[PDB]
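Presented as structure tokens, the chain that follows is alone, the form deposited in one PDB entry.
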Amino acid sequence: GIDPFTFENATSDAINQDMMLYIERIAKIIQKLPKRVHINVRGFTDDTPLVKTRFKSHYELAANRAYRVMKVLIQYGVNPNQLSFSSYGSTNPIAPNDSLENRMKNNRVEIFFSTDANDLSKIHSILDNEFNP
């Protein structure tokens, strides 16, 4: 399956260089998709305390992450008309927050496609060509 954008720094919204390149690939994929497909960039966090940062809440942290990924997709030519962003904060974890390994799973941004039934095949086919050799 396709990978989400993982934030290794549990308390920041910083997009490093490896992640920028990956966002760029997804951007290239997105612009090839039919125009009636929209993209919702969703933001998540673990439950690491936020005390020594600027963020008041995990929602706020996840919003910044999703917004920033969205910003980057636009940088690489995705039309703002196909885009939106959402924050789920520390709700909806992939894994429980017991260990460092599982907490990384929770520090991510996920891409959601909004598509009809016919455009779903096209997305499927386009994603297959670019991601699986």
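If you superpose the two forms and keep the largest set of C-alpha atoms that fall within 1.5 Å, you have the rigid core. When you see a residue number, it is the position in the sequence shown, counting from 1.
Omitted here: the form deposited in another entry. The next part is about that form.
After superposition on the rigid core, displacement of the C-alpha of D119 between this form and the one not shown amounts to 2 Å or more. Superposition on the rigid core between this form and the one not shown places the CA atom of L100 2 Å or more away from its counterpart. In the other form, the CA atoms of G43 and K122 move apart by 3 angstroms or more relative to this form. Here's the thing about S87 and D116: their CA atoms end up at least 3 Å closer in the other form than they are in this form.
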